[PDB]
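Numbered from 1 within each chain, the chains take letters A, B, ... in sequence-line order. Order of listing sets the numbers, starting from 1, for every ligand and every atom in it. All values below were derived from every heavy atom in this structure, side-chain atoms included, with hydrogens, water molecules and symmetry-related copies excluded.
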Amino acid sequence: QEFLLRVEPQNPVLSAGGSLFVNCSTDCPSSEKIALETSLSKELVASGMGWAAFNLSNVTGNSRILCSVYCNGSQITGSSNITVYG
Amino acid sequence: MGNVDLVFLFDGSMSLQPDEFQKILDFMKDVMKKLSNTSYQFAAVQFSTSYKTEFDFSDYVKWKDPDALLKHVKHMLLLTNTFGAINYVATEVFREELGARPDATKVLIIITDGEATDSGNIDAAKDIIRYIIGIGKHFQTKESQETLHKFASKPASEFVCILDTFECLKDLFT
Ligand SMILES: *[C@@H]1O[C@H](CO)[C@@H](O)[C@H](O)[C@H]1NC(C)=O
Ligand SMILES: *[C@@H]1O[C@H](CO)[C@@H](O)[C@H](O)[C@H]1NC(C)=O
Ligand SMILES: [Mg+2]
């Protein structure tokens with residue numbers, strides 16, 4: 001019925017500007033269509049039951065990401081604010 | 001040329017950078033300025049997780065000023081529920097109560113990077129001519145191209161193009 005969509009890592013603070021592995025997962029039974037909303041270059045690198053992992057490249061600045069998935073026909077979302085320092 | 005009721009359905013999702021969103025706003029204003037004093041009347045809807053009619057056909061007839069009509073727009077910065085967005089336009093925007101003309105040809109200009117966080121179908125908009133105007137780094141991805149083909153009218157060569165040159169829209173003037 002009501003489940004949460006976890007975004008790992010949560011509110012990460014990194015430097016430079018290389019890549020980051022983000023995993024969006026949920027324990028919702030028979031979840032449907034996990035998607036990552038971001039302005040950063042992304043590539044789906046792995047997936048399983050209830051989760052999808054993406055590799056975000058060219059992270060030169062702070063950027064907020066959102067993940068979504070349908071749980072019991074309803075859309076739920078998770079967020080993560082990426083902070084970059086120089 | 002008969003009457004044309006055209007709706008700009010523009011992407012306000014987080015996947016488009018602030019500068020890209022501003023380019024979308026400027027693009028809609030420019031296209032409307034070139035179509036002023038014609039058989040065209042407009043409405044604009046911003047879509048992300050939810051949908052917002054920024055101005056309707058009656059607003060256009062009263063103001064006839066694209067800059068004024070879109071000045072208030074605030075970037076939603078959420079998801080990209082395009083399927084629901086197209087359905088919202090089909091049933092909630094193309095309405096006589098909002099200034100739509102029953103006799104007019106219905107046109108939809110969808111400005112987006114082509115990604116979609118939702119699903120379903122757009123059978124409700126089967127009688128609406130749909131153009132896709134691409135912008136954003138995600139537009140040229142395999143995922144986006146496969147997704148946008150489900151929204152654009154056919155053939156894709158005639159209805160899909162990029163925001164910078166908008167070549168596919170020049171037929172709207174002939
Ligand atoms: C992603 O997270 C889920 C849930 O914790 C886990 O089962 C899965 O192994 C993770 N996948 C990756 C690539 O880390
Ligand atoms: C920062 O990220 C968290 C997710 O953990 C989100 O709830 C919060 O709204 C974000 N802060 C901002 C930018 O409003
Ligand atoms: Mg998006």
Side-chain angles (χ1 to χ4, degrees), chain A residues 3-14 19-31 33-57 59 61-69 71 75-85, chain B residues 9-25 45-52 74-86 110-119 132-148 150-151 163:
Chain A
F3 296 90
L4 299 181
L5 184 54
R6 181 178 178 181
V7 182
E8 186 71 18
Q10 191 75 329
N11 297 163
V13 185
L14 66 163
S19 299
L20 174 62
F21 273 130
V22 179
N23 189 346
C24 294
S25 65
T26 181
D27 47 13
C28 178
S30 297
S31 65
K33 191 178 182 177
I34 289 181
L36 177 58
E37 182 79 42
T38 181
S39 56
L40 297 168
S41 292
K42 66 169 184 182
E43 175 190 32
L44 176 62
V45 296
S47 62
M49 187 177 277
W51 66 268
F54 306 80
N55 181 52
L56 303 180
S57 55
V59 188
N62 297 356
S63 199
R64 180 174 183 160
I65 66 175
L66 299 166
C67 256
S68 59
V69 69
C71 179
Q75 190 178 63
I76 60 175
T77 188
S79 61
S80 187
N81 303 337
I82 301 175
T83 301
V84 181
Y85 63 86
Chain B
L9 178 60
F10 65 104
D11 194 329
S13 72
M14 180 71 78
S15 66
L16 292 177
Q17 303 174 167
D19 64 311
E20 292 173 328
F21 186 71
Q22 187 59 55
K23 283 182 182 181
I24 293 179
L25 292 171
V45 175
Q46 182 184 175
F47 74 96
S48 193
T49 290
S50 302
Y51 320 124
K52 184 182 190 302
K74 186 177 185 299
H75 199 176
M76 294 174 162
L77 296 163
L78 294 172
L79 305 171
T80 317
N81 294 329
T82 323
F83 283 86
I86 295 173
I110 310 170
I111 312 162
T112 180
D113 61 16
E115 295 191 294
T117 50
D118 67 351
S119 61
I132 295 286
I133 301 298
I135 184 173
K137 62 183 70 64
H138 297 311
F139 184 66
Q140 280 299 316
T141 68
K142 180 177 178 293
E143 180 199 308
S144 288
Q145 296 293 131
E146 294 184 289
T147 303
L148 70 86
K150 303 173 181 180
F151 305 139
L163 187 145

For [atom], find the nearest protein heavy atom and state the residue, atom name and distance (0.1 Å precision).
atom: atom 9 (O) of ligand 2; answer: A:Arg64 NH2, 3.2 Å
atom: atom 10 (C) of ligand 2; answer: A:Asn81 ND2, 2.4 Å
atom: atom 14 (O) of ligand 1; answer: A:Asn23 ND2, 3.2 Å
atom: atom 5 (O) of ligand 2; answer: A:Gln10 NE2, 3.0 Å
atom: atom 7 (O) of ligand 2; answer: A:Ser79 OG, 3.7 Å

## Note on the structure
Out of A:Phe21, A:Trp51, A:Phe54, the nearest non-hydrogen contact to atom 13 (C) of ligand 1 is supplied by A:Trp51
#### Entry: Minimum-distance pair of heavy atoms, taken over all atoms of A:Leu56 and A:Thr38
CD2-CG2, 4.0 Å
### Mode of A:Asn11 contact toward ligand 2 - side chain, backbone, both, neither (heavy atoms, under 4.0 Å)
side chain
#### Entry: Min N/O separation A:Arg6 to ligand 1 under 3.5 Å
no
### Query
Under 6.0 Å from the CG atom of A:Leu4, do we count more than 12 heavy atoms belonging to anything else shown?
no
### Task
Inspect the surroundings of NZ in B:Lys23 and state if more than 12 heavy atoms from other residues, nucleotides or ligands are less than 6.0 Å away.
no
### Task
May I ask you to check whether B:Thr117 and B:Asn81 show a side-chain donor-acceptor distance below 3.5 Å?
yes
#### Entry: Test item: side-chain donor near acceptor, A:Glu37 and B:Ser13, under 3.5 Å
yes
### Query
Relative to the Mg ion (ligand 3), which of the N, O or S atoms in A:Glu37 is the closest?
OE2
### Message
Under the side chain to side chain contact (heavy atoms under 4.5 Å, CB included) test against B:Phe139, which residue among B:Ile132, B:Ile133, B:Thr112 passes?
### Response
B:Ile132
### Metal site angle (apex the Mg ion (ligand 3)), OG1 from B:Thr80 and OG from B:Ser13, 10 degrees
90°
### Message
Determine whether a donor-acceptor pair (N or O, by modelled atom type, separation under 3.5 Å) exists between the side chain of B:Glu143 and the backbone of B:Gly114.
### Response
no
